[PDB]
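This document starts with one chain, in the form deposited in one PDB entry, laid out as structure tokens.
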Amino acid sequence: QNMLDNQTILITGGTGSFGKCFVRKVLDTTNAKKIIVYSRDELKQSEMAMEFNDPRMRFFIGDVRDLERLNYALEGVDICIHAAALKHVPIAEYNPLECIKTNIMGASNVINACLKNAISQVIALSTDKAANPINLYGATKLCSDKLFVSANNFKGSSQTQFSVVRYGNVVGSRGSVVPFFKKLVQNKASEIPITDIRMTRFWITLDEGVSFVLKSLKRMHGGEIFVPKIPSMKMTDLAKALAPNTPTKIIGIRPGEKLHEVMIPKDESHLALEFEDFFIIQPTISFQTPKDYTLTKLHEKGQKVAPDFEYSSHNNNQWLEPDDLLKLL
């Protein structure tokens, strides 16, 4: 059908929530020649291998902190999706160096190995927590994003493309709150943990995130930070539609948590280009051979935003009602 046919793809952190959904989508909707899962845990890999049991799959035990392992794993790969990461904010506050080794040094290693093996396209997953970050996790992702964007300056016998995909909370992520709220009410809940009233968070489904990454692959030139237009939901309605029969206590705010998440910093608007269903944050730096981010590879046109624009979760027009939420298993 398209660009993914006959291609070999490797995804770091492939056993994760995004990873399994992405792998499933690629196997179902493309004629990819091979899909390589690269992660550390033998348990999750053994079970994922049984779950998919697809001969197009390959499982490599390995750490993104291990450059030599990455060099060997990326051999013969055409496309690399970087989803490996330590993302638990509070655990990242208590174990800062671990988050740094995995998220930052991990990014640097993947970049190095992708260049060495002449990969064609690379997309690293980012987070809104990386825009004007306050927590350690967010700062490591910002460093990662900067590394990937800057990697486009390089120019070997083959010019590898590196882009970033940034979006917010995933509805009911592997460790999200949705899957947490359902476990409570299920195990006979009598109180739900809440943080703040005016709280706000962008929301997108796992499948939409995956589809967004794949579409970004088709339109990317390299160096872009892709941001999808997604609705916002106040935590108030979230708990009511997932447990209206039990009360909620305003527990203490987690370490390093924001009230509202930023998607596009006000100070970076001048780099932002708006499109129909997404935004593109252009590089702050200039490369050897510039790119016209105004027109994607899919011939889509984008227009600069307002010099004062700022994609925040509280100044958004899209809001998902308690209904469709329940429509998300």
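The term rigid core refers to the most C-alpha atoms you can superpose between the two forms while keeping them within 1.5 Å. The first residue of the shown sequence is 1; numbering continues from there. Only residues modelled in both forms are compared.
The following text describes the form deposited in another entry, which does not appear among the structures shown.
- Once the two forms are fitted on their rigid core, between this form and the one not shown the CA displacement reaches 2 Å or more only for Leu184 among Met235, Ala118, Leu184, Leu86.
- Positional change of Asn71 between this form and the one not shown stays under 2 Å at the C-alpha, relative to the superposed core.
- In a rigid-core overlay of the protein, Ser150 has its C-alpha displaced by under 2 Å between this form and the one not shown.
- Once both forms are fitted on their core, a CA shift of 2 Å or more is seen for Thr246 between this form and the one not shown.
- Every Cα shifting by 2 Å or more, across three or more consecutive residues, marks a moved region; comparing between this form and the one not shown on the rigid core, these regions are 183-192, 244-248.
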